[PDB]
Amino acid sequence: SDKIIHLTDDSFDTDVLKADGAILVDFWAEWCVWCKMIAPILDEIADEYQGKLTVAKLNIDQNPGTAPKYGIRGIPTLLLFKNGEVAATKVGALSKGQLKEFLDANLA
């Protein structure tokens, strides 16, 4: 978790929208089992994509206003931002091999 960024509705603008470089955001919740299952995968990817990517999480339970703006229908949902615009999205849990493929298809 040392390579993951914790966002708040507040910090969203700065840390994601104004952010320079690719930002992968994990919209999740407390009592979502699938959310808990990808947490470790998110750790590894983070470590492997340092310099190229910033991995960040958003607990919609404690940050209820961001999701809606993005059409978030269910969790976990992963949003890949670029230059303040969402570049790609993935709904639901996936493996590390999957997450990798998904980024690679988007990483410049």
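Numbers follow the displayed sequence, beginning with 1.
Colleague: Got a sec? Mean C-alpha B-factor, which is higher, 28 to 36 or 68 to 76?
Modeller: The entry gives the higher C-alpha B-factor average to 68 to 76.
Colleague: Would 40 to 48 or 79 to 87 have the larger average of its C-alpha temperature factors, as given in the entry?
Modeller: Taking the mean C-alpha B-factor of 40 to 48 and of 79 to 87, the larger value falls to 79 to 87.
Colleague: Just grab whichever of 7, 103, 4, 108 has the top CA B-factor as deposited.
Modeller: It is 108.
Colleague: Considering every modelled residue of the chain and its Cα B-factor in the PDB entry, is residue 22 in the lowest, middle or highest third?
Modeller: Its C-alpha B-factor belongs to the middle third of this chain's values.
Colleague: According to the PDB entry, is the CA B factor of residue 58 in the bottom, middle or top third of its chain, that is, lowest, middle or highest?
Modeller: Ranked within chain, residue 58 CA B lands in the highest tercile.
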